[PDB]
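Working through the structure, step by step
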Amino acid sequence: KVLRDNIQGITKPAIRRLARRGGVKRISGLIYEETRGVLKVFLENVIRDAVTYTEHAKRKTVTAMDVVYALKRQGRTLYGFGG
Amino acid sequence: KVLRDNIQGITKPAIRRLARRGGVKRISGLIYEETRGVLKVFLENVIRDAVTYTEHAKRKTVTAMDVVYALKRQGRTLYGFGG
Amino acid sequence: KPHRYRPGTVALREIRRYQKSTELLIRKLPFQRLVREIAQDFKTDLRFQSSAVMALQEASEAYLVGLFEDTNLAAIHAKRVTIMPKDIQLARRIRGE
Amino acid sequence: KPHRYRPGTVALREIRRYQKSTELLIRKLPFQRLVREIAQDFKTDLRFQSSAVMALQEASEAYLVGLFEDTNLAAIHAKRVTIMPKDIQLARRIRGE
Amino acid sequence: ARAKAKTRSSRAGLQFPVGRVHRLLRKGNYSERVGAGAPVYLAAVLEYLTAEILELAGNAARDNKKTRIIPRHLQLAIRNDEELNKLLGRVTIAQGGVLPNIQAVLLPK
Amino acid sequence: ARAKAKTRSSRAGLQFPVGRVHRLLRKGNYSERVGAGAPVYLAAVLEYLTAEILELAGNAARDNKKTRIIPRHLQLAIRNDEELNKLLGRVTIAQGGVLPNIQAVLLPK
Amino acid sequence: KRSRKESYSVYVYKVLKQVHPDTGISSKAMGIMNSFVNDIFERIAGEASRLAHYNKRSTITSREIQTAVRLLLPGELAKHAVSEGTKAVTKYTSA
Amino acid sequence: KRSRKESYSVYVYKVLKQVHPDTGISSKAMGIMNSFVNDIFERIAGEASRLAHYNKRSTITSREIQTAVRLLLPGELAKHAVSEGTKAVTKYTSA
């Protein structure tokens, strides 16, 4: 139930896989934690607004259409999730 | 009736003035014409839709309100010319 | 001797492999746990559609690999093959974040 | 010996002066020449509010200024002070342009 | 007594339901009235864009030798059309992946 | 026999015209029905942001000893405030200039 | 009892069979296509609503969409879409 | 004569004399302010319009507007705006 340290739920080799998909060849050790902070900022923003949606939707379950709203209000538009 | 060269009316002192206001200290000699082309591209990007505005507004005079639309659909929102 | 590929060969091979592949790379369960953790910061008593979670994973991964390619070309400009987070901060700030 | 400043210092004073000042830096009459030059390529005999052209100017050099701080950041980030067009190309790519 | 029910899409020779389009316009509250040719023109340009993107998807799928098109075929179709990349640069695609793009500086020698 | 007509702005004790903005909402093609308190609330928060920006701009103008506000101090107010700047990152100002920002690496020895 | 939900995937499928009778499609790909339809729809509809709001227009005709698409579409796509919608609206007008 | 052109210059100037009784205004700064307020007005009303779409609701309430305020405003701006609008709504409710 109560969760504490999912900051390291992203593993470093997952980041290396993403970086090879991201075309990166040589990766510093300092990269992973900074990218962790960046992704935390991005998810805090979008999930905060998703919570705003769901309380405005008066629901205790989130929907992916809320996620569609969360991606569209900065134009990060994704297809195929009920849109 | 036609216009052939006013892009060389973009004086490199004006370019370097914008560079100083843009914070650029040392400038290569090859910069000027490329920035001229880039800003020119930006100009057609705005004025094409501005021409479309004036055509759909059924006029032959370009107004600043259409300019406001033409900047704003790229999100370049400029205040003091709308009204 | 036992063989050892020189550095960069294997890395470029995985670059080809994962530019070929399309799937999510992070394990879904710890990401889901992180989603629950972050959403708990705003309001308790929340359930989660799974479709929302995979949407978040795909959007997040696409966002990350896009900024990865951006920092990649930035480090290419900076005459390096080793990425450092100063490139990431520059890319965010010029991009506007 | 006649007075002569070392290079860059007058450029620094220009930077300071222009960062306080807000006025247009191009002579405007060639700017309307360019405006009508580009405008007749879509439709000829279009008339212009002068305020429309001033809005075009303010947006234009505003975009150029922001591009110039990005270009300066690129020039510094590759361990230099002098700009080259590869700064501009990188900025155009990372801006999605 | 009354004429045969004949669809406006067939009248415009079209496929997309122009009645549904016009209804969604009316519930979209874009204007208090809408001219008749507006949802027709909407539908028609939607089959135009749809035909173009599905043409690109078919090109990708025949290049990818699979009969049924997948989101990877969609990504590979759209992202080599740079004109769409001006059109849809800010668009993300589920399970589409990325263009395989390795720079020459990453290449040795 | 009608009672004395107050304004909804006076009913909220505020400055902005509730009737004007509510009329804007009704003819904006946004909804057919608009609740009573929503334009009042919108006028209130517009008043809040207006007073906030105007107060900071007046302080900035007082910093440079002028009692009439100019777009330069508008730029100074909007860009030195990270919430305001983030709120209007995509926003251009005419004759506001930029924040004076000098890189220390550009500074000499 | 299930609530009938409107989706364009049948129209996407028939469009696909028009362009490629031999070609199938996945359900998530049809979801992407329906998302695309809705996305372009809301873009063009909001843009047309704004253009109506500018010129004090309360009735939307295909002229306004033609303007708004030639705004939103760069290159040859705008010209070809204007042409095709022109033929469709024209022979509809005769119909 | 000419047609009436509505302006917020009177109302914003009242708010100005509320917060800064001392200072004057330029017409250019006021045109900036009017372009500002009209821009952000159509912003907040637009997201409220999408909320009306997503909630399938005909009548716009203040609740939807406070939600859209959490959508737009950065942080303590949003909380303080919620507070001030709440008090204004209460005294409007009591007229």
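Rules used throughout
- Residues numbered from 1 in each chain as written, not as in the entry; some residues may be left out.
- Chains lettered and ligands numbered in written order.
- Part of a larger assembly, values for the part shown.
- Heavy atoms only, no water.
- Helix = DSSP H or I, 4+ residues; strand = E, 2+ residues; numbered from the N terminus.
- Axes fitted to C-alpha atoms, helices over the stretch in contact; angles between N-to-C directions.
- Parallel < 35°, antiparallel > 145°, perpendicular 65-115°, else oblique.
- Contact = heavy atoms within 4.5 Å.
- Nonpolar A, V, L, I, M, F, W, Y, C, P; charged D, E, K, R; others polar.
- Buried area = accessible area lost by both parts, 1.4 Å probe.
- Salt bridge = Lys/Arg side-chain N within 4 Å of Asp/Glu carboxyl O.
- Polar contact = N/O pair within 3.5 Å; in protein donor to acceptor, adjacent residues only side chain to side chain.
- Pairing = 2+ DSSP bridges.

Per the deposited record, cryo-EM is how this structure was determined, to a resolution of 9.5 Å.

As deposited in the PDB, this entry carries the title "The 4x177 nucleosome array containing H1".

Within the PDB entry, the label attached to chain C reads Histone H3.2, and the organism entered is Homo sapiens.

We note that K79(D) has phi near 65°; this positive angle belongs to a residue other than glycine. With respect to the helices, strands and loops of the structure, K79(D) is situated in the loop between α3 (50-77) and β2 (82-83). The phi angle at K65(E) is positive, at roughly 50°, despite the residue not being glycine. For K65(E), the position within the fold is in the loop between α3 (37-63) and β2 (68-69).

Moving on, we get to the packing of helix α1 (residues 12-21) of chain A against helix α1 (residues 9-20) of chain C. Running from amino to carboxyl end, α1(A) crosses α1(C) at an angle of 80°, the nearest separation of the two axes being 7 Å. Classified by the interaxial angle, the pair formed by α1(A) and α1(C) is roughly perpendicular. Together, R17(A), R20(A) and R21(A) of α1(A) and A11(C), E14(C), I15(C), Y18(C) and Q19(C) of α1(C) make up the contact between the two elements. Looking at the contact of α1(A) with α1(C) residue by residue, the class counts come to three nonpolar, one polar and four charged.

Further remarks concern the side chain of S62(G). Mapped onto the elements of the fold, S62(G) is located in helix α3 (residues 62-72). Discounting residues that sit within four places of it in the chain, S62(G) has contacts with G37(E), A38(E), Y41(E) and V89(G).

Turning to the interface of chain B and chain D, a few remarks are in order. Counting from both sides, the interface comprises 49 residues of chain B and, opposite them, 51 residues of chain D. Between chain B and chain D, a total of about 4800 Å² is buried, with carbon and sulfur atoms accounting for 70% of that surface. A per-residue breakdown of the area chain B buries against chain D is headed by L18(B), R20(B) and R21(B), which together make up 16% of the total. Linking chain B to chain D there are two salt bridges. Residue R21(B) pairs with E23(D) through a salt bridge whose shortest N-O separation is 3.9 Å. For the interface between chain B and chain D, the tally reads 15 residue pairs in polar contact. Mapped by element, the contributors of at least two residues to the side of chain B that touches chain D are α1 (12-21), β1 (26-27), α2 (31-56), β2 (61-62) and α3 (64-72) of chain B. Here the side of chain B that touches chain D takes 15 residues from α2(B), the largest share from any one element. Classifying every residue of the side of chain B that touches chain D gives 24 nonpolar, nine polar and 16 charged. With two bridges connecting them, β2(B) and strand β1 (residues 47-48) of chain D associate as parallel partners. Paired with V62(B) across the two strands is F48(D), which belongs to β1(D).

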